[PDB]
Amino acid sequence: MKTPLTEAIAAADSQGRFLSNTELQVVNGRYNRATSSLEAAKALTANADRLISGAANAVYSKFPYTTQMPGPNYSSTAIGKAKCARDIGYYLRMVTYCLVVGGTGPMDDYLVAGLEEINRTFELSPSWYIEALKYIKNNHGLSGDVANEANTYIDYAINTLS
């Protein structure tokens, strides 16, 4: 997908040229941040269920109608609660993928393209998922530039949902 390394190769290839020291400096920027990014990805994978279940109950406490109101698209059913937690798990998993390739490539490719359409079609509200994402920001426990890395992609998702 789009990553810092494939973008350098695409910019050079379009121009029919060998990579320049500008592109090599670019890839070095990625190798320099990458240790912060893979460590943030480890802590997020290790606490994956805690973050998914906590975020989903953060949404149910802020919007209690989603657990009470009848219909296929709310969390009033066992199934509905399972799909809602499954969707939150997709945002967290795409975030770890963005941390290991160092670009928003996976989230854009696997989650963002088509999202407005499926959300309007199935009447899923962006506001529900902004609550889920804020909860996982607030208690992943990361600090320093490890936190800075994970929050940059978590905030990206919030701006895609506006």
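Numbering starts at 1 and follows the sequence shown.
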query	finding
Entry-level comparison of average CA B-factors, 100-108 and 57-65, reporting the higher stretch	57-65
Stretch exceeding the other in mean C-alpha B-factor - 32-40, 125-133	32-40
Selection by C-alpha B-factor (highest) of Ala48, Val95, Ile118, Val26	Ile118
Ranked C-alpha temperature factor of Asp13 among modelled chain residues, by third	highest
Assigned third (lowest, middle, highest) for the C-alpha B factor of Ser20	highest
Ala82, C-alpha B-factor rank within chain (lowest, middle or highest third)	middle
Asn138 CA temperature factor, ranked by third within the chain	middle
